[PDB]
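Notes follow once the structure below has been shown.
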Protein chains: 4
Amino acid sequence: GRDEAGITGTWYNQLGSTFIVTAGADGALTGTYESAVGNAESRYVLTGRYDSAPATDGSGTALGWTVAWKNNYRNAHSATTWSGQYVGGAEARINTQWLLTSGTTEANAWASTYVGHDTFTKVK
Amino acid sequence: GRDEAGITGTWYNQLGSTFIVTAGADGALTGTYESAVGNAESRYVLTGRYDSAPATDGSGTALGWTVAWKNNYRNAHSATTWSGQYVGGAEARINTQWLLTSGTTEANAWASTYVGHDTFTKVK
Amino acid sequence: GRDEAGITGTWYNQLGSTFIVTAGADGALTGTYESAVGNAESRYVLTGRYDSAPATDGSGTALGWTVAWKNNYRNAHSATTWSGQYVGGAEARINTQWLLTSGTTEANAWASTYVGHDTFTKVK
Amino acid sequence: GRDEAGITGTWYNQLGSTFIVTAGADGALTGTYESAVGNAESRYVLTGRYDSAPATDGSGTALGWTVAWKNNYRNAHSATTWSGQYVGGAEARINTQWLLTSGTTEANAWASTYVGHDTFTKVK
C-alpha cells in the first residue's frame with residue numbers, strides 16, 4: 001500500500017491511549033489497543049482495513065478498525081469501531097470518529113451506543 | 001465463543017447487502033461484504049471482532065467490523081465500520097450503527113463521514 | 001412551508017415516545033416531547049427548524065429539533081438532538097438519527113454522547 | 001439559568017464559523033449561524049435548548065441547537081443539529097458533535113446524514 005510504511009507503528013490519542021498497528025500490503029490492519037480510560041486494562045486485539053491504493057490528489061487514506069473489550073484481565077461486553085483517515089507528512093495524523101456498542105437487553109438497546117472522536121499522532 | 005455458531009453464516013440487511021462472516025473461537029470476525037448500494041461491486045474483504053464470552057443475563061453480544069471499499073473491480077477511497085450487537089433466537093438479528101469515512105482533502109474533511117444504521121437478519 | 005401541514009401534529013416513534021410539533025411558515029418547529037424510556041417523565045419543551053421550501057424532485061424535507069431533559073418534575077442534565085427528514089404520503093414518516101449529550105466532568109467527557117435512530121409515524 | 005450569562009454571546013469554531021446565541025432563563029437558545037464551509041452564505045436562523053439548572057459537581061451544561069440551511073440567499077435542503085456541553089471558565093468552550101441530514105430520495109437515504117464534531121470558543 002502507498003501508506004503501508006506511514007501507518008505501521010505506534011500511535012497515541014488525546015486521552016493517552018496507545019494504538020500499535022501493522023498495515024499489510026493486502027489492506028489489513030492488525031495490532032493491539034490500550035485504552036487510558038473506561039473499563040479496560042492492558043492490551044486488546046484489534047483488526048481492521050485500509051485503502052492500500054489511495055487517491056494521489058492530496059486526499060487522506062480511509063481506514064477503520066475494531067476492538068472487542070475482552071482480554072485475559074477483563075470483559076467490558078462492548079466493542080468500539082474507529083472510522084477515519086490517515087493524513088501523512090511532518091505532523092502525521094489519523095483523524096477518527098468512533099462508535100462504542102455495549103451488549104444490552106432489548107429494553108436498554110436505545111442507549112447501547114456511544115459516539116466520539118479521537119485524533120492519533122506519532123508523538124506523546 | 002458462546003455465539004460463534006449463532007454469528008457464523010450469511011446475513012442480509014434492509015438494503016439487500018450480503019454479509020458473509022466466520023466467528024473464530026478467539027473473538028475474530030473474517031469474511032466478505034457485498035453492498036447493494038453506493039460505489040461498490042462484488043465482494044470486499046472484512047475483518048472485525050466480537051465478545052466471545054458475553055453476559056448470561058439476556059444481553060446481546062457486542063461486535064464490530066470494517067470494510068475498506070477497494071477490491072479488484074473498484075476503489076471508492078472509503079471505509080465503513082459497523083458497531084453493534086448480535087441478538088440470538090428464532091428471529092436472530094445483528095443491530096448496527098455505522099460510520100463511512102472517505103479520504104478527503106483537509107478543506108473537505110468536515111464532510112468526510114456518513115453515519116447510518118443497518119439491521120441484519122438470516123433471511124432475505 | 002410546502003410540508004407545514006404534513007409535519008404539524010402528533011407523532012410516535014418505535015419506543016412509544018410522543019412528539020407533538022407545530023411547523024411555522026418561517027421554518028420553526030415548536031412543541032413538546034414525551035419519552036417512553038430513560039430519565040424522563042411527562043412533557044419537555046422542544047424547538048427546531050425545517051426546510052420550508054424543499055426540493056420538488058421527490059426528496060424528503062430536512063429538519064431537526066432539540067430537547068433539554070429538564071422540566072418541573074426531573075432534570076437528567078442532558079439534551080438530545082434529532083436530525084432527519086420528513087417523507088410525506090399515505091404512510092408518512094420522519095426518519096431521524098439522534099445525539100444525546102450529558103453534562104460530564106472533563107475526565108468522563110469521552111463517554112458524554114449516545115447515538116441512535118428513531119422512526120416517527122402518525123399512528124401508534 | 002446558572003450559565004445563561006456564560007452561554008449568551010458570539011462563539012467561533014475550528015472552521016471559522018460564527019455562532020451568535022442568546023440563552024433564555026426558560027432554557028431557550030435563539031440566534032444565528034454563519035458557516036465558513038459548505039453550501040452556505042450569510043446568517044441562518046437557529047433555535048435550541050440548554051439545561052438551565054446544571055449539576056454543581058463541576059460537570060458541563062448540556063445543550064443543543066438546529067440550523068435548517070435555508071435563508072434569503074440559498075437553500076441547501078439540509079439541517080444540522082449540534083449536541084454538546086458548555087464548559088465554563090477562563091478558556092470557555094462548547095464541545096459538540098453534529099448530524100447534518102439532507103433531503104434525499106428513498107434510494108439515497110442510506111447516505112443522507114453526515115456526522116462530525118465542532119469545538120466553539122469565545123476567541124478567534
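Here's how to read the names in the C-alpha cells: chain A, B, ... by the order shown, residue numbers from 1 in each chain, ligand numbers from 1 in the order shown.
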
Identify, on the basis of only C-alpha atoms, every residue whose closest approach to residue 1 of chain D does not exceed 6 Å; exclude the query and any residue fewer than 4 positions from it along the same chain; express the result as a tab-separated table (two decimals) with N, CA, C and O atoms, in the first residue's frame.
chain	number	residue	atom	x	y	z
D	25	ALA	N	-33.78	32.54	30.22
D	25	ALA	CA	-33.91	32.00	31.59
D	25	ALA	C	-34.70	30.68	31.59
D	25	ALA	O	-34.52	29.92	32.56
D	52	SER	N	-30.94	24.65	32.06
D	52	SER	CA	-30.87	25.92	32.82
D	52	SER	C	-30.65	25.67	34.32
D	52	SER	O	-30.60	26.67	35.04
D	53	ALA	N	-30.50	24.43	34.78
D	53	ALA	CA	-30.15	24.16	36.19
D	53	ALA	C	-29.17	23.01	36.21
D	53	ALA	O	-29.51	21.90	36.63

Contacts between chain C and chain D, please, where a residue of chain D counts if it comes within 8 Å (with only C-alpha atoms); show its shortest atom pair and distance in Å to one decimal, rows by chain and ascending number, as JSON lines.
{"residue": "D:27", "atom": "CA", "partner": "C:68", "partner_atom": "CA", "distance": 7.7}
{"residue": "D:46", "atom": "CA", "partner": "C:49", "partner_atom": "CA", "distance": 7.3}
{"residue": "D:47", "atom": "CA", "partner": "C:48", "partner_atom": "CA", "distance": 5.7}
{"residue": "D:48", "atom": "CA", "partner": "C:66", "partner_atom": "CA", "distance": 5.6}
{"residue": "D:49", "atom": "CA", "partner": "C:68", "partner_atom": "CA", "distance": 5.5}
{"residue": "D:50", "atom": "CA", "partner": "C:68", "partner_atom": "CA", "distance": 5.5}
{"residue": "D:51", "atom": "CA", "partner": "C:68", "partner_atom": "CA", "distance": 5.8}
{"residue": "D:52", "atom": "CA", "partner": "C:70", "partner_atom": "CA", "distance": 7.9}
{"residue": "D:53", "atom": "CA", "partner": "C:75", "partner_atom": "CA", "distance": 7.9}
{"residue": "D:54", "atom": "CA", "partner": "C:77", "partner_atom": "CA", "distance": 6.0}
{"residue": "D:55", "atom": "CA", "partner": "C:77", "partner_atom": "CA", "distance": 7.0}
{"residue": "D:58", "atom": "CA", "partner": "C:105", "partner_atom": "CA", "distance": 6.1}
{"residue": "D:59", "atom": "CA", "partner": "C:105", "partner_atom": "CA", "distance": 4.4}
{"residue": "D:60", "atom": "CA", "partner": "C:103", "partner_atom": "CA", "distance": 4.5}
{"residue": "D:61", "atom": "CA", "partner": "C:103", "partner_atom": "CA", "distance": 5.0}
{"residue": "D:62", "atom": "CA", "partner": "C:103", "partner_atom": "CA", "distance": 4.9}
{"residue": "D:63", "atom": "CA", "partner": "C:79", "partner_atom": "CA", "distance": 5.5}
{"residue": "D:64", "atom": "CA", "partner": "C:66", "partner_atom": "CA", "distance": 5.9}
{"residue": "D:65", "atom": "CA", "partner": "C:66", "partner_atom": "CA", "distance": 6.0}
{"residue": "D:66", "atom": "CA", "partner": "C:48", "partner_atom": "CA", "distance": 5.6}
{"residue": "D:67", "atom": "CA", "partner": "C:49", "partner_atom": "CA", "distance": 6.3}
{"residue": "D:68", "atom": "CA", "partner": "C:50", "partner_atom": "CA", "distance": 5.5}
{"residue": "D:69", "atom": "CA", "partner": "C:51", "partner_atom": "CA", "distance": 7.2}
{"residue": "D:70", "atom": "CA", "partner": "C:51", "partner_atom": "CA", "distance": 6.4}
{"residue": "D:75", "atom": "CA", "partner": "C:53", "partner_atom": "CA", "distance": 7.9}
{"residue": "D:77", "atom": "CA", "partner": "C:54", "partner_atom": "CA", "distance": 6.0}
{"residue": "D:78", "atom": "CA", "partner": "C:62", "partner_atom": "CA", "distance": 5.0}
{"residue": "D:79", "atom": "CA", "partner": "C:63", "partner_atom": "CA", "distance": 5.5}
{"residue": "D:80", "atom": "CA", "partner": "C:83", "partner_atom": "CA", "distance": 6.6}
{"residue": "D:81", "atom": "CA", "partner": "C:83", "partner_atom": "CA", "distance": 6.0}
{"residue": "D:82", "atom": "CA", "partner": "C:81", "partner_atom": "CA", "distance": 7.0}
{"residue": "D:83", "atom": "CA", "partner": "C:101", "partner_atom": "CA", "distance": 6.0}
{"residue": "D:84", "atom": "CA", "partner": "C:101", "partner_atom": "CA", "distance": 5.5}
{"residue": "D:85", "atom": "CA", "partner": "C:103", "partner_atom": "CA", "distance": 5.9}
{"residue": "D:97", "atom": "CA", "partner": "C:99", "partner_atom": "CA", "distance": 7.7}
{"residue": "D:98", "atom": "CA", "partner": "C:99", "partner_atom": "CA", "distance": 7.7}
{"residue": "D:99", "atom": "CA", "partner": "C:83", "partner_atom": "CA", "distance": 6.1}
{"residue": "D:100", "atom": "CA", "partner": "C:83", "partner_atom": "CA", "distance": 6.8}
{"residue": "D:101", "atom": "CA", "partner": "C:84", "partner_atom": "CA", "distance": 5.5}
{"residue": "D:102", "atom": "CA", "partner": "C:62", "partner_atom": "CA", "distance": 5.7}
{"residue": "D:103", "atom": "CA", "partner": "C:60", "partner_atom": "CA", "distance": 4.5}
{"residue": "D:104", "atom": "CA", "partner": "C:59", "partner_atom": "CA", "distance": 4.4}
{"residue": "D:105", "atom": "CA", "partner": "C:59", "partner_atom": "CA", "distance": 4.4}
{"residue": "D:106", "atom": "CA", "partner": "C:59", "partner_atom": "CA", "distance": 7.5}
{"residue": "D:113", "atom": "CA", "partner": "C:84", "partner_atom": "CA", "distance": 7.9}

Writing out the chosen residues with N, CA and C atoms as a CSV table (one decimal), in the first residue's frame:
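And here is the file that came out, again-v9.csv:
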chain,number,residue,atom,x,y,z
D,27,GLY,N,-34.5,28.2,29.4
D,27,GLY,CA,-33.8,27.1,28.7
D,27,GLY,C,-33.8,27.2,27.2
D,46,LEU,N,-31.2,30.0,14.0
D,46,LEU,CA,-31.1,28.7,14.8
D,46,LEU,C,-32.0,28.8,16.0
D,47,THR,N,-32.3,27.7,16.5
D,47,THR,CA,-33.0,27.6,17.8
D,47,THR,C,-32.5,26.3,18.5
D,48,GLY,N,-32.6,26.3,19.8
D,48,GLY,CA,-32.3,25.1,20.6
D,48,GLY,C,-32.7,25.2,22.0
D,49,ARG,N,-32.1,24.4,22.8
D,49,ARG,CA,-32.4,24.3,24.3
D,49,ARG,C,-31.1,24.1,25.1
D,50,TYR,N,-31.1,24.4,26.4
D,50,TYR,CA,-30.0,24.1,27.2
D,50,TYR,C,-30.5,23.7,28.6
D,51,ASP,N,-29.8,23.0,29.4
D,51,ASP,CA,-30.1,22.7,30.8
D,51,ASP,C,-29.9,24.0,31.6
D,52,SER,N,-30.9,24.6,32.1
D,52,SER,CA,-30.9,25.9,32.8
D,52,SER,C,-30.7,25.7,34.3
D,53,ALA,N,-30.5,24.4,34.8
D,53,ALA,CA,-30.2,24.2,36.2
D,53,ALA,C,-29.2,23.0,36.2
D,54,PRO,N,-27.9,23.2,35.7
D,54,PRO,CA,-27.0,22.1,35.6
D,54,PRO,C,-26.5,21.6,37.0
D,55,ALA,N,-25.8,20.5,37.0
D,55,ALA,CA,-25.2,19.9,38.2
D,55,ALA,C,-24.2,20.9,38.8
D,58,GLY,N,-19.1,20.2,39.1
D,58,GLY,CA,-18.1,20.5,38.1
D,58,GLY,C,-18.4,20.0,36.7
D,59,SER,N,-19.6,19.4,36.5
D,59,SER,CA,-20.0,18.8,35.2
D,59,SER,C,-20.3,20.0,34.2
D,60,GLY,N,-20.2,19.8,32.9
D,60,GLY,CA,-20.6,20.7,31.9
D,60,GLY,C,-22.1,20.8,31.8
D,61,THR,N,-22.6,21.8,31.0
D,61,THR,CA,-24.0,22.1,30.8
D,61,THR,C,-24.5,21.6,29.5
D,62,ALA,N,-25.4,20.6,29.4
D,62,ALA,CA,-25.9,20.0,28.2
D,62,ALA,C,-26.7,21.0,27.4
D,63,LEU,N,-26.6,21.0,26.1
D,63,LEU,CA,-27.3,21.9,25.1
D,63,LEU,C,-27.3,21.3,23.7
D,64,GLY,N,-28.2,21.9,22.9
D,64,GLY,CA,-28.2,21.5,21.5
D,64,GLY,C,-28.9,22.6,20.7
D,65,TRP,N,-28.7,22.6,19.5
D,65,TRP,CA,-29.5,23.5,18.6
D,65,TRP,C,-29.5,23.0,17.1
D,66,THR,N,-30.4,23.6,16.4
D,66,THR,CA,-30.6,23.2,15.0
D,66,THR,C,-30.5,24.4,14.1
D,67,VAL,N,-29.9,24.2,12.9
D,67,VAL,CA,-30.0,25.2,11.7
D,67,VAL,C,-30.6,24.4,10.5
D,68,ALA,N,-31.6,24.9,9.9
D,68,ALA,CA,-32.1,24.5,8.6
D,68,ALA,C,-31.4,25.4,7.6
D,69,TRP,N,-30.7,24.8,6.6
D,69,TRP,CA,-29.8,25.6,5.7
D,69,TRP,C,-30.5,26.3,4.5
D,70,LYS,N,-31.6,27.1,4.9
D,70,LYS,CA,-32.4,27.9,4.0
D,70,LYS,C,-32.3,29.3,4.6
D,75,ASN,N,-30.7,27.7,-0.5
D,75,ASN,CA,-31.4,26.6,0.2
D,75,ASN,C,-30.6,25.3,-0.1
D,77,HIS,N,-31.2,22.5,1.3
D,77,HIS,CA,-32.2,21.3,1.5
D,77,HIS,C,-31.5,20.4,2.6
D,78,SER,N,-31.2,20.9,3.7
D,78,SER,CA,-30.5,20.2,4.7
D,78,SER,C,-30.6,20.9,6.1
D,79,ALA,N,-30.3,20.1,7.2
D,79,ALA,CA,-30.4,20.7,8.5
D,79,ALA,C,-29.3,20.1,9.3
D,80,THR,N,-28.6,20.9,10.1
D,80,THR,CA,-27.6,20.3,11.1
D,80,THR,C,-28.1,20.5,12.5
D,81,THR,N,-27.9,19.5,13.3
D,81,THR,CA,-28.1,19.6,14.8
D,81,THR,C,-26.8,19.4,15.5
D,82,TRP,N,-26.5,20.3,16.4
D,82,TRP,CA,-25.4,20.2,17.3
D,82,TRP,C,-25.8,19.8,18.7
D,83,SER,N,-25.2,18.8,19.3
D,83,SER,CA,-25.5,18.3,20.6
D,83,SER,C,-24.2,18.3,21.4
D,84,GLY,N,-24.2,18.9,22.6
D,84,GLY,CA,-22.9,19.1,23.3
D,84,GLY,C,-23.0,19.6,24.7
D,85,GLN,N,-21.9,20.0,25.2
D,85,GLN,CA,-21.9,20.7,26.5
D,85,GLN,C,-21.1,21.9,26.5
D,97,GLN,N,-20.9,17.4,19.1
D,97,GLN,CA,-21.0,16.5,17.9
D,97,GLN,C,-22.2,17.0,17.1
D,98,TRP,N,-22.2,16.7,15.8
D,98,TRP,CA,-23.3,17.2,15.0
D,98,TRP,C,-23.7,16.1,14.0
D,99,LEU,N,-24.9,16.3,13.5
D,99,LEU,CA,-25.6,15.5,12.5
D,99,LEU,C,-26.1,16.4,11.4
D,100,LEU,N,-25.7,16.2,10.2
D,100,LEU,CA,-26.2,17.0,9.0
D,100,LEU,C,-27.0,16.1,8.1
D,101,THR,N,-28.3,16.3,8.1
D,101,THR,CA,-29.2,15.5,7.2
D,101,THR,C,-29.6,16.3,6.0
D,102,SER,N,-29.4,15.7,4.8
D,102,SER,CA,-30.0,16.2,3.6
D,102,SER,C,-31.4,15.6,3.3
D,103,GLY,N,-32.3,16.4,2.7
D,103,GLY,CA,-33.4,15.7,2.0
D,103,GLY,C,-33.0,14.9,0.8
D,104,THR,N,-33.4,13.6,0.7
D,104,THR,CA,-32.9,12.7,-0.3
D,104,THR,C,-34.1,11.9,-0.8
D,105,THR,N,-33.9,11.2,-1.9
D,105,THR,CA,-34.9,10.2,-2.4
D,105,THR,C,-34.7,9.0,-1.5
D,106,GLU,N,-35.7,8.0,-1.5
D,106,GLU,CA,-35.7,6.8,-0.6
D,106,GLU,C,-34.4,6.0,-1.1
D,113,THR,N,-26.9,11.4,5.8
D,113,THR,CA,-26.5,12.0,7.1
D,113,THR,C,-25.0,12.0,7.3

As a PyMOL selection string, please: every residue in chain C that DSSP puts in strand (DSSP E or B). chain C and resi 9-12+18-23+28-34+44-50+61-70+75-87+93-102+113-121

Would you mind exporting the chosen residues as a PDB file, in the first residue's frame, restricted to C-alpha atoms?
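Written out: out.pdb:
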ATOM      1  CA  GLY C   9     -49.360  17.186  14.572  1.00  0.00           C
ATOM      2  CA  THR C  10     -48.709  14.229  16.859  1.00  0.00           C
ATOM      3  CA  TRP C  11     -46.018  11.663  16.001  1.00  0.00           C
ATOM      4  CA  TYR C  12     -44.979   8.422  17.683  1.00  0.00           C
ATOM      5  CA  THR C  18     -44.785  11.124  21.651  1.00  0.00           C
ATOM      6  CA  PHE C  19     -43.563  14.114  19.567  1.00  0.00           C
ATOM      7  CA  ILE C  20     -46.147  16.970  19.387  1.00  0.00           C
ATOM      8  CA  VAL C  21     -44.959  19.637  16.902  1.00  0.00           C
ATOM      9  CA  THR C  22     -46.189  22.745  15.082  1.00  0.00           C
ATOM     10  CA  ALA C  23     -44.371  23.716  11.835  1.00  0.00           C
ATOM     11  CA  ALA C  28     -39.787  26.981  13.006  1.00  0.00           C
ATOM     12  CA  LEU C  29     -40.621  23.783  14.912  1.00  0.00           C
ATOM     13  CA  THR C  30     -42.150  24.183  18.380  1.00  0.00           C
ATOM     14  CA  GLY C  31     -43.816  21.640  20.645  1.00  0.00           C
ATOM     15  CA  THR C  32     -43.375  19.004  23.336  1.00  0.00           C
ATOM     16  CA  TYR C  33     -41.668  15.582  23.633  1.00  0.00           C
ATOM     17  CA  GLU C  34     -42.599  12.735  25.975  1.00  0.00           C
ATOM     18  CA  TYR C  44     -40.404  18.548  27.712  1.00  0.00           C
ATOM     19  CA  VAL C  45     -40.145  21.686  25.575  1.00  0.00           C
ATOM     20  CA  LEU C  46     -38.694  21.245  22.118  1.00  0.00           C
ATOM     21  CA  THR C  47     -37.698  23.628  19.398  1.00  0.00           C
ATOM     22  CA  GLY C  48     -36.141  23.179  15.985  1.00  0.00           C
ATOM     23  CA  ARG C  49     -36.124  24.064  12.313  1.00  0.00           C
ATOM     24  CA  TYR C  50     -37.206  22.544   8.947  1.00  0.00           C
ATOM     25  CA  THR C  61     -37.771  17.516   3.820  1.00  0.00           C
ATOM     26  CA  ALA C  62     -34.741  18.104   6.136  1.00  0.00           C
ATOM     27  CA  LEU C  63     -35.448  19.014   9.777  1.00  0.00           C
ATOM     28  CA  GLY C  64     -34.113  18.819  13.280  1.00  0.00           C
ATOM     29  CA  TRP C  65     -35.015  19.610  16.859  1.00  0.00           C
ATOM     30  CA  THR C  66     -33.671  19.675  20.395  1.00  0.00           C
ATOM     31  CA  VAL C  67     -34.986  18.624  23.854  1.00  0.00           C
ATOM     32  CA  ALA C  68     -33.119  19.579  27.059  1.00  0.00           C
ATOM     33  CA  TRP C  69     -34.214  16.918  29.607  1.00  0.00           C
ATOM     34  CA  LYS C  70     -35.319  19.402  32.301  1.00  0.00           C
ATOM     35  CA  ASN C  75     -33.576  17.104  35.362  1.00  0.00           C
ATOM     36  CA  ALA C  76     -31.471  14.462  33.549  1.00  0.00           C
ATOM     37  CA  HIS C  77     -28.684  17.071  32.837  1.00  0.00           C
ATOM     38  CA  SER C  78     -28.735  16.077  29.164  1.00  0.00           C
ATOM     39  CA  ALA C  79     -30.039  17.171  25.753  1.00  0.00           C
ATOM     40  CA  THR C  80     -30.977  15.172  22.644  1.00  0.00           C
ATOM     41  CA  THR C  81     -30.968  16.482  19.072  1.00  0.00           C
ATOM     42  CA  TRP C  82     -32.832  14.709  16.284  1.00  0.00           C
ATOM     43  CA  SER C  83     -31.648  15.265  12.657  1.00  0.00           C
ATOM     44  CA  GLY C  84     -33.647  13.775   9.847  1.00  0.00           C
ATOM     45  CA  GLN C  85     -36.091  14.083   7.031  1.00  0.00           C
ATOM     46  CA  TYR C  86     -39.881  14.108   6.686  1.00  0.00           C
ATOM     47  CA  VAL C  87     -41.224  11.792   3.929  1.00  0.00           C
ATOM     48  CA  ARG C  93     -42.610   9.175   8.318  1.00  0.00           C
ATOM     49  CA  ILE C  94     -39.920  11.264   9.980  1.00  0.00           C
ATOM     50  CA  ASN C  95     -36.669   9.239   9.738  1.00  0.00           C
ATOM     51  CA  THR C  96     -34.091  10.514  12.257  1.00  0.00           C
ATOM     52  CA  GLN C  97     -30.704   9.939  13.839  1.00  0.00           C
ATOM     53  CA  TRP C  98     -30.086  11.486  17.247  1.00  0.00           C
ATOM     54  CA  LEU C  99     -27.287  12.536  19.606  1.00  0.00           C
ATOM     55  CA  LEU C 100     -27.861  12.545  23.406  1.00  0.00           C
ATOM     56  CA  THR C 101     -25.224  14.526  25.311  1.00  0.00           C
ATOM     57  CA  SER C 102     -24.933  14.502  29.120  1.00  0.00           C
ATOM     58  CA  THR C 113     -22.690  11.224  23.932  1.00  0.00           C
ATOM     59  CA  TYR C 114     -25.080   8.458  22.820  1.00  0.00           C
ATOM     60  CA  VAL C 115     -26.127   7.989  19.175  1.00  0.00           C
ATOM     61  CA  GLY C 116     -29.231   6.265  17.911  1.00  0.00           C
ATOM     62  CA  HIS C 117     -32.058   6.339  15.388  1.00  0.00           C
ATOM     63  CA  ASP C 118     -35.830   6.909  15.747  1.00  0.00           C
ATOM     64  CA  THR C 119     -38.554   6.497  13.114  1.00  0.00           C
ATOM     65  CA  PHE C 120     -41.732   8.549  13.750  1.00  0.00           C
ATOM     66  CA  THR C 121     -45.156   7.725  12.292  1.00  0.00           C
TER      67      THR C 121
END

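The residues of chain D that DSSP classifies as alpha helix (DSSP H), using the backbone of this structure, are residues 4, 5, 6 and 7 of chain D.
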
Hey, can you spit out that residue selection with N, CA, C and O atoms as an mmCIF file, in the first residue's frame?
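Writing done, so here's result16.cif:
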data_model
loop_
_atom_site.group_PDB
_atom_site.id
_atom_site.type_symbol
_atom_site.label_atom_id
_atom_site.label_comp_id
_atom_site.auth_asym_id
_atom_site.auth_seq_id
_atom_site.Cartn_x
_atom_site.Cartn_y
_atom_site.Cartn_z
ATOM 1 N N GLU D 4 -26.682 31.044 31.818
ATOM 2 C CA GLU D 4 -27.317 31.993 30.859
ATOM 3 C C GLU D 4 -26.266 33.021 30.390
ATOM 4 O O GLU D 4 -26.022 33.184 29.159
ATOM 5 N N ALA D 5 -25.601 33.692 31.334
ATOM 6 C CA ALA D 5 -24.562 34.709 31.048
ATOM 7 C C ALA D 5 -23.367 34.095 30.298
ATOM 8 O O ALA D 5 -22.897 34.715 29.311
ATOM 9 N N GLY D 6 -22.917 32.900 30.711
ATOM 10 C CA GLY D 6 -21.745 32.205 30.145
ATOM 11 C C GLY D 6 -21.990 31.823 28.693
ATOM 12 O O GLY D 6 -21.060 31.953 27.887
ATOM 13 N N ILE D 7 -23.208 31.403 28.379
ATOM 14 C CA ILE D 7 -23.511 30.877 27.006
ATOM 15 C C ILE D 7 -23.811 32.020 26.047
ATOM 16 O O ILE D 7 -23.396 31.973 24.861
#

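The coordinates place atom CA of residue 2 of chain D at 21.5 Å from atom CA of residue 39 of chain C.
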
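Atom CA of residue 90 of chain A to atom CA of residue 13 of chain D spans 24.8 Å [interatomic distance, one decimal].
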
Atom pair atom CA of residue 41 of chain A + atom CA of residue 74 of chain A, distance 7.2 Å

Applying 9 Å and only C-alpha atoms, which residues near residue 15 of chain C remain after dropping the ones on its own chain fewer than 4 positions away? List them as a list in words. residues 110 of chain A; 35, 36, 37 and 118 of chain C
